[PDB]
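**Student:** sequence-free structure coming up:
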RNA sequence: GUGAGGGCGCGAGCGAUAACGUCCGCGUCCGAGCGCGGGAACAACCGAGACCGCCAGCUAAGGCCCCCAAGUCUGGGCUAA
RNA sequence: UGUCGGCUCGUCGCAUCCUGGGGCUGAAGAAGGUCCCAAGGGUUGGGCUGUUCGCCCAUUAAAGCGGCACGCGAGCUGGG
RNA sequence: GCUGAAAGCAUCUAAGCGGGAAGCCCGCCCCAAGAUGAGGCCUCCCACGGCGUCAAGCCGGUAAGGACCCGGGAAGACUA
Ligand SMILES: [Mg+2]
Ligand SMILES: [Mg+2]
Ligand SMILES: [Mg+2]
Ligand SMILES: [Mg+2]
Ligand SMILES: [Mg+2]
Ligand SMILES: [Mg+2]
Ligand SMILES: [Mg+2]
Ligand SMILES: [Mg+2]
Ligand SMILES: [Mg+2]
Ligand SMILES: [Mg+2]
Ligand SMILES: [Mg+2]
Ligand SMILES: [Mg+2]
Ligand SMILES: [Mg+2]
Ligand SMILES: [Mg+2]
Ligand SMILES: [Mg+2]
Ligand SMILES: [Mg+2]
Ligand SMILES: [Mg+2]
Ligand SMILES: [Mg+2]
Ligand SMILES: [Mg+2]
Ligand SMILES: [Mg+2]
Ligand SMILES: [Mg+2]
Ligand SMILES: [Mg+2]
Ligand SMILES: [Mg+2]
Ligand SMILES: [Mg+2]
Ligand SMILES: [Mg+2]
Ligand SMILES: [Mg+2]
Ligand SMILES: [Mg+2]
Ligand SMILES: [Mg+2]
Ligand SMILES: [Mg+2]
Ligand SMILES: [Mg+2]
Ligand SMILES: [Mg+2]
Ligand SMILES: [Mg+2]
Ligand SMILES: [Mg+2]
Ligand SMILES: [Mg+2]
Ligand SMILES: [Mg+2]
Ligand SMILES: [Mg+2]
Ligand SMILES: [Mg+2]
Ligand SMILES: [Mg+2]
Ligand SMILES: [Mg+2]
Ligand SMILES: [Mg+2]
Ligand SMILES: [Mg+2]
Ligand SMILES: [Mg+2]
Ligand SMILES: [Mg+2]
Ligand SMILES: [Mg+2]
Ligand SMILES: [Mg+2]
Ligand SMILES: [Mg+2]
Ligand SMILES: [Mg+2]
Ligand SMILES: [Mg+2]
Ligand SMILES: [Mg+2]
Ligand SMILES: [Mg+2]
Ligand SMILES: [Mg+2]
Ligand SMILES: [Mg+2]
Ligand SMILES: [Mg+2]
Ligand SMILES: [Mg+2]
Ligand SMILES: [Mg+2]
Ligand SMILES: [Mg+2]
Ligand SMILES: [Mg+2]
Ligand SMILES: [Mg+2]
Ligand SMILES: [Mg+2]
Ligand SMILES: [Mg+2]
Ligand SMILES: [Mg+2]
Ligand SMILES: [Mg+2]
Ligand SMILES: [Mg+2]
Ligand SMILES: [Mg+2]
Ligand SMILES: [Mg+2]
């Protein structure tokens, strides 16, 4: 269960052998192990992977002790990877081979208080004959006296986006260890700078 | 029950013989007597479910014996041109009208044999087992109800 | 004027569950859950005995049940009437089977929920080795 | 004062040996006893006619394993859904 | 207690239109008939009419039936 | 479909056992301990200094650490 952190740096397109392929560019810098939690010490297997460096003054938090507990440069962010205890003290882009497919989770862009139509791509309403009151309007929502209420989770407008989205089976394109870079099949959640994770997909 | 080694437990009976030992889950409210060098069984009453239970264990016990006695073996015939079978060590691979050669796993306590490309016996030590194994084979390619193909036990033709 | 009880110390109890009829057990568990068995009873105060049950999975049940019994779990969502057979419960978290039982037998009142706390259930045995452990049948 | 009555059991017409249907009759309750117990709740089904008090006592219908008062009562049969 | 149809949003039922599995066949094979199991999902665009309904064109795996005050006028329309 | 009695035969069942659905449970994805049944892990700070005889509390100062304010954001009505 391979797992390494990184951030979306941007995306252009390359040329495979004689065909064009849009690809996204992630950056998987060294992620220092911080806490290999075993089932004995917790109940599940995992690894705390750090990331970006830090002004030692900002991390005056007890984090100092946690860092020193493993003896590592104060990173900025660190998360876990379920069922994954590899080796050494650091993971890298060497983990992924050009051909393996990966799952990347990210934080979708926040579309604020988005309208029903924008949100769940509804139909809206007549722009012509109908009263200029319900153009982008959910219209009906329920029934008469029975049931009298609204089905919980009924698609309605509101703050939408800026959440956890997982795209799957993106094939690992050309990976350049020379700079801790990683190329994937393009469509990746999150803006250009969001903290994303890259794991191992489930084809079989 | 000759040359057998029937040994009684609380809710089960362990029978041993030339072929080996085998466990047979015996009903609760039944008396598994062991008179002389043979075995007897009685029932606590004369009701409906108890008649059934008795006769059930009655044979079920005789099966454990025969199982480690002379053993169990059923035969399998095969009709049709390409319809054949090639024994491969334990498991047996037989092409019987499918683009993919059929690979048949050999369960424990069972060793089907192949004297001919058509005939295939089913050696074992348990009726429940041989019973399923035999069916498992016919299940692969049931007989063509319009002529002669597929794998048969040894019973009449479907015509 | 009828006796006016005061603060009473929690009398814990250790009860089995092997080969025990789900219902016949829970009944007593409830009966004794509240101080209903102690002649110094008082509905107002709520001073029941801390009942702890062990060997949950062991519980016996009659007829189809295992295959028949069905539990109802309705989330507030459309088609969320998700229901679970008895067996499944014995597979997942078996302790529930007795819980929901006793649960349904304690008074619907808010102090009944307070009595539900006085009810600890596992299957091992092996309880949280505290102190009290008055075995019973 | 009243001159819309209603439910119910029973005997009949109409209805379709339909209707919380309808139209007479004999009685009954509700009406006006939505006061109490039972029936999960419930005008009329079962019990029973509230002058006021009481931290007494038997019983009615129903009920006596837990929510729930009071038998996991006693003895003898049937039923595995 | 706003009354058709339309729009918008659906959700539930199963007596299933499709896809799933299965029995029988007057089932060679293909294709089909009929019955049983089975809602998880799906179940088109258009001509005419206010229409529902239906007829028709082209296609479709199929172009399902019905409940929700024949769902929905403090959501819309207003042809009826 | 197996073993198989009731019911010497027979039978897929009455004990038991196997195979078998786009369905169910799990698996995938998302929320999630207000799971008041408030879970777990790693790390940081630690005494009352004074009344309260007890029990139940209060007070000014602190620690780790947080808040306010300010510049600002693919985050955003507001707040977060
Ligand atoms: Mg936008
Ligand atoms: Mg859009
Ligand atoms: Mg959209
Ligand atoms: Mg939609
Ligand atoms: Mg539209
Ligand atoms: Mg208008
Ligand atoms: Mg106008
Ligand atoms: Mg207007
Ligand atoms: Mg309305
Ligand atoms: Mg002997
Ligand atoms: Mg004999
Ligand atoms: Mg069973
Ligand atoms: Mg079972
Ligand atoms: Mg669902
Ligand atoms: Mg209340
Ligand atoms: Mg008059
Ligand atoms: Mg009459
Ligand atoms: Mg009238
Ligand atoms: Mg009348
Ligand atoms: Mg009258
Ligand atoms: Mg009166
Ligand atoms: Mg009167
Ligand atoms: Mg009167
Ligand atoms: Mg009143
Ligand atoms: Mg009553
Ligand atoms: Mg009453
Ligand atoms: Mg008096
Ligand atoms: Mg009395
Ligand atoms: Mg009585
Ligand atoms: Mg009662
Ligand atoms: Mg009796
Ligand atoms: Mg829609
Ligand atoms: Mg749905
Ligand atoms: Mg079919
Ligand atoms: Mg068919
Ligand atoms: Mg055929
Ligand atoms: Mg033909
Ligand atoms: Mg659904
Ligand atoms: Mg149109
Ligand atoms: Mg037109
Ligand atoms: Mg035209
Ligand atoms: Mg027109
Ligand atoms: Mg039209
Ligand atoms: Mg027509
Ligand atoms: Mg056509
Ligand atoms: Mg509908
Ligand atoms: Mg309508
Ligand atoms: Mg309407
Ligand atoms: Mg309107
Ligand atoms: Mg309308
Ligand atoms: Mg309305
Ligand atoms: Mg006009
Ligand atoms: Mg007109
Ligand atoms: Mg007109
Ligand atoms: Mg047969
Ligand atoms: Mg027989
Ligand atoms: Mg037979
Ligand atoms: Mg047969
Ligand atoms: Mg039968
Ligand atoms: Mg399946
Ligand atoms: Mg499947
Ligand atoms: Mg689920
Ligand atoms: Mg002091
Ligand atoms: Mg204090
Ligand atoms: Mg602050």
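**Tutor:** Done, it's in. Residues are numbered from 1 along each chain as shown, chains lettered A, B, ... in the order given. Ligands and ions are numbered 1, 2, ... in the order given.
**Student:** hey, let's count contacts and neighbours off CA atoms from now on
**Tutor:** OK.
**Student:** tell me, what residue is most central in the chain?
**Tutor:** Going with chain A. The centroid of chain A falls nearest to residue A:106 when counting by C-alpha atoms, centre = their mean (1.4 Å).
**Student:** try again with chain C
**Tutor:** residue C:102 (3.8 Å).
**Student:** what sits against that one?
**Tutor:** Applying C-alpha atoms under 8 Å, 6 or more residues apart in numbering or on different chains to residue C:102 gives the contacts C:26-27, C:29-30.
**Student:** let's see that with 7 Å instead.
**Tutor:** Neighbouring residues of residue C:102 by C-alpha atoms under 7 Å, 6 or more residues apart in numbering or on different chains: C:26, C:29-30.
**Student:** any idea how far it is from RNA strand E?
**Tutor:** From residue C:102 across to RNA strand E, the span is 30 Å (C-alpha to the nearest atom of the strand, to the nearest Å).
**Student:** and the strand or helix carrying the residue nearest to the centre of chain A, anywhere near RNA strand F?
**Tutor:** Under the criterion of DSSP states H and E, residue A:106 resides in strand A:101-107. Yes: contact of strand A:101-107 with RNA strand F (C-alpha under 7 Å from any atom of the strand) involves residue A:105.
**Student:** given the helix or strand that that strand is followed by, what are its sheet partners and their directions?
**Tutor:** Next helix or strand after strand A:101-107 toward the C-terminus (DSSP H and E): strand A:110-114. Taking DSSP bridges as the criterion, strand A:110-114 sits next to strand A:158-161 (antiparallel) in its sheet.
**Student:** what are the pairing partners of the helix or strand encompassing residue C:71, and which direction each?
**Tutor:** Using DSSP H and E, residue C:71 falls within strand C:70-72. Neighbouring strands of strand C:70-72 in its sheet, by DSSP bridges, are strand C:83-85 (antiparallel).
**Student:** run the chain-centre distance for the partner strand.
**Tutor:** Here strand C:83-85 shows a centroid-to-chain-centroid distance of 20 Å under the convention C-alpha atoms, centre = their mean, to the nearest Å.
**Student:** flag every buried residue along it.
**Tutor:** When neighbours are counted by 16 or more other C-alpha atoms under 10 Å in any protein chain shown, no buried residue of strand C:83-85 is found.
**Student:** list of residues touching that strand?
**Tutor:** Residues from elsewhere that reach strand C:83-85 (C-alpha under 7 Å, 6+ apart): C:67, C:69-73.
**Student:** what about 6 Å?
**Tutor:** With contact meaning C-alpha atoms under 6 Å, 6 or more residues apart in numbering or on different chains, strand C:83-85 is reached by C:69-73.
**Student:** stretch B:43-53 too?
**Tutor:** Applying C-alpha under 6 Å, 6+ apart, the contact partners of stretch B:43-53 are residue B:30.
**Student:** pull out the buried positions in it.
**Tutor:** So for stretch B:43-53, counting by 16+ other C-alpha under 10 Å, buried means B:50, B:53.
**Student:** now do the strands in the chain.
**Tutor:** Picking chain A for this. Applying DSSP state E to chain A gives strands spanning A:4-15, A:20-27, A:31-32, A:90-91, A:101-107, A:110-114, A:158-161, A:164-171, A:181-184, A:195-200.
**Student:** should've been chain B
**Tutor:** B:5-8, B:12-17, B:20-25, B:31-33, B:40-42, B:72-74, B:77-79, B:86-87, B:92-94, B:102-104, B:111-113, B:121-124, B:150-152.
**Student:** could you identify which of the strands of chain A is most buried?
**Tutor:** The highest average neighbour count among the strands of chain A, using mean count of other C-alpha atoms under 10 Å in any protein chain shown, belongs to strand A:31-32 at a mean of 24.
**Student:** report all helices and strands that it contacts.
**Tutor:** Packing partners of strand A:31-32 (3 or more C-alpha pairs under 6 Å, 6 or more residues apart in numbering or on different chains; DSSP states H and E): strand A:90-91.
**Student:** paired strands for the strand it packs on, with orientation please.
**Tutor:** Here strand A:90-91 has these sheet partners by DSSP bridges: strand A:31-32 (antiparallel).
**Student:** show me what the partner strand is in contact with.
**Tutor:** A:49-51, A:89-91.
**Student:** between those, which is nearest residue A:137?
**Tutor:** Closest approach to residue A:137 among the contacts of strand A:31-32 (C-alpha to C-alpha): residue A:51, at 45.0 Å.
**Student:** can you tell me which residues contact that closest one?
**Tutor:** Applying C-alpha under 6 Å, 6+ apart, we find residue A:51 in contact with A:31, A:75-77.
**Student:** may I ask which two of these are separated the most?
**Tutor:** A:31 and A:76 (10.7 Å).
**Student:** what is the end-to-end distance of stretch A:136-143?
**Tutor:** Using C-alpha to C-alpha, to the nearest Å, the span of stretch A:136-143 from its first residue to its last is 21 Å.
**Student:** and residue A:201, how many neighbours?
**Tutor:** Residues lying near residue A:201 (other C-alpha atoms under 10 Å in any protein chain shown) number 18.
**Student:** would you list the strands of chain A in TSV and tack on distance to RNA strand E?
**Tutor:** Below are the strands of chain A laid out as TSV (distance: least, C-alpha to the nearest atom of the strand, whole Å):
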stretch	distance to RNA strand E
strand A:4-15	33
strand A:20-27	30
strand A:31-32	41
strand A:90-91	40
strand A:101-107	24
strand A:110-114	15
strand A:158-161	15
strand A:164-171	21
strand A:181-184	30
strand A:195-200	27
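**Student:** please convert those to TSV, extending it with distance to residue A:82.
**Tutor:** TSV is the format used below for these (distance: least, C-alpha to C-alpha, whole Å):
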stretch	distance to residue A:82
strand A:4-15	12
strand A:20-27	21
strand A:31-32	15
strand A:90-91	15
strand A:101-107	14
strand A:110-114	27
strand A:158-161	26
strand A:164-171	16
strand A:181-184	22
strand A:195-200	10
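**Student:** how about the ones you listed, which one is nearest residue C:35?
**Tutor:** Evaluated over the strands of chain A, closeness to residue C:35 peaks at strand A:164-171, with 50.9 Å, by C-alpha to C-alpha.
**Student:** got the contact list for the closest one?
**Tutor:** Residues from elsewhere that reach strand A:164-171 (C-alpha under 6 Å, 6+ apart): A:100-107, A:184-185, A:201.
**Student:** quick check: buried residues in the helix or strand where the residue nearest to the centre of chain C lies?
**Tutor:** In this structure, residue C:102 sits in helix C:95-105 according to DSSP H and E. Using 16+ other C-alpha under 10 Å as the test for burial, helix C:95-105 gives C:95-99, C:101-103, C:105.
**Student:** the residue of chain B found nearest RNA strand E: what's it in contact with?
**Tutor:** RNA strand E sits closest to residue B:145 of chain B, with a gap of 5.4 Å, by C-alpha to the nearest atom of the strand. Going by C-alpha under 6 Å, 6+ apart, residue B:145 touches residue B:158.
**Student:** change it to 10 Å
**Tutor:** Neighbour list for residue B:145: B:157-159 [criterion: C-alpha atoms under 10 Å, 6 or more residues apart in numbering or on different chains].
**Student:** that older thread, could the contacts of strand A:164-171 go into JSON lines alongside distance to residue A:167?
**Tutor:** Shown next, in JSON lines, are the contacts of strand A:164-171 (distance: C-alpha to C-alpha, whole Å):
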{"residue": "A:100", "distance to residue A:167": "15"}
{"residue": "A:101", "distance to residue A:167": "11"}
{"residue": "A:102", "distance to residue A:167": "9"}
{"residue": "A:103", "distance to residue A:167": "6"}
{"residue": "A:104", "distance to residue A:167": "6"}
{"residue": "A:105", "distance to residue A:167": "6"}
{"residue": "A:106", "distance to residue A:167": "8"}
{"residue": "A:107", "distance to residue A:167": "11"}
{"residue": "A:184", "distance to residue A:167": "11"}
{"residue": "A:185", "distance to residue A:167": "10"}
{"residue": "A:201", "distance to residue A:167": "10"}
